[PDB]
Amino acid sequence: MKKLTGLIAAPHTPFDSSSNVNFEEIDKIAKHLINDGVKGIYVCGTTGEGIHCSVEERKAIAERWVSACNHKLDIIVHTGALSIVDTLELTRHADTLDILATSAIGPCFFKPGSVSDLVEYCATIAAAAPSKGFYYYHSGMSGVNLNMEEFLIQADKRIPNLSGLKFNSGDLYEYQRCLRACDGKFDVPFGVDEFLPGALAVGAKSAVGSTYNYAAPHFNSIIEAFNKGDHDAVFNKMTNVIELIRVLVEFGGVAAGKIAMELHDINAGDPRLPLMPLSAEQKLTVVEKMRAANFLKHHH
């Protein structure tokens, strides 16, 4: 298996003014991602509001990404839902698409209470797309707080198509144990963009995140600086990352990140309820503060 490298964007699902999926904007985001140096996409995940879409919408969205990317990006589709019936309907559909892997986030209502229980849930899902890899997505936001090192070690026995897990957590001690589980066999992309050089320094080889939708060249420059050992340059580039994150924290991560796509000529619309929309004034503020953060390049 080849572990992912570089930046994996978790794209938005653009909604038009009637809160319907805007498929033409999905086409424009894919071209943008390819031009800005992203290597893969994780679709219908948290940033993608996949759980805000119906099964029918999710199936059309995953097909739209596969057509829009024209084989130039690795594609991972998140198929998780609270109902195993919906999840299995999405996962079976995903096994028919030209994609790299499926994935499921920890269920957030009845939360798996042990590693063994979580392994059984993931094994049922991964078996419905046995031709594709399978990533567990460890979320924090899910409330599923189980030992991920043990998850990889136990799931290795039970899930034949296991790829590894996406680590959306700041716990670098657990992350480094995951990197080493089963002699380093599994692929463990890191998922906290504002911690990126910290994860690089302890062994991350790829990162999945939402800011890569609009700041990928800037983060690729952090990766290159870190690699060259230019730690001064990593530091000054993270100053612009911290100003970006501040906009997300003030205005909402999905909402502000959607508006930030205007910096690349993309109209991603508002989020869906229960996420709230920004006002017309707030949208102008988001774009002005993202410009002031100074991470944009006038090129690809």
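A residue's number is simply how far along the shown sequence it sits, counting from 1.
*Asks:* For the C-alpha atoms alone, is the average B factor greater in 5-13 or in 281-289, going by the entry?
*Replies:* It is 281-289 that shows the higher mean C-alpha B-factor.
*Asks:* Going by the mean C-alpha B-factor recorded in the entry, which is higher: 123-131 or 139-147?
*Replies:* Per the PDB entry, the higher value belongs to 139-147.
*Asks:* For the listed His218, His78, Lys166, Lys72, which has the peak Cα B-factor recorded in the PDB entry?
*Replies:* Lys72 has the highest C-alpha B-factor of those listed.
*Asks:* Of the options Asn227, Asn161, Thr211, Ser103, which has the highest CA B factor as deposited?
*Replies:* Result of the comparison over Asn227, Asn161, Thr211, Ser103: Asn227.
*Asks:* Splitting the chain's C-alpha B-factors into thirds, which one does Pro112 fall into?
*Replies:* It falls in the top third of the chain.
*Asks:* Within this chain's modelled residues, let me know which third the CA B factor of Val43 belongs to: lowest, middle or highest.
*Replies:* Middle third.
*Asks:* Consider only the C-alpha atoms of the modelled residues in this chain, order them by B-factor as the entry records it, and name the third containing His52: lowest, middle or highest.
*Replies:* CA B-factor rank for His52: lowest third.
*Asks:* Could you tell me which third, lowest, middle or highest, the C-alpha B-factor of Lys31 occupies within its chain?
*Replies:* Highest third - that is where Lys31 ends up once the chain's C-alpha B-factors are sorted.
*Asks:* Sort the modelled residues of this chain by their C-alpha B factor and say whether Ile153 lands in the lowest, middle or highest third.
*Replies:* According to the entry, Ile153 has a C-alpha B-factor in the chain's highest third.
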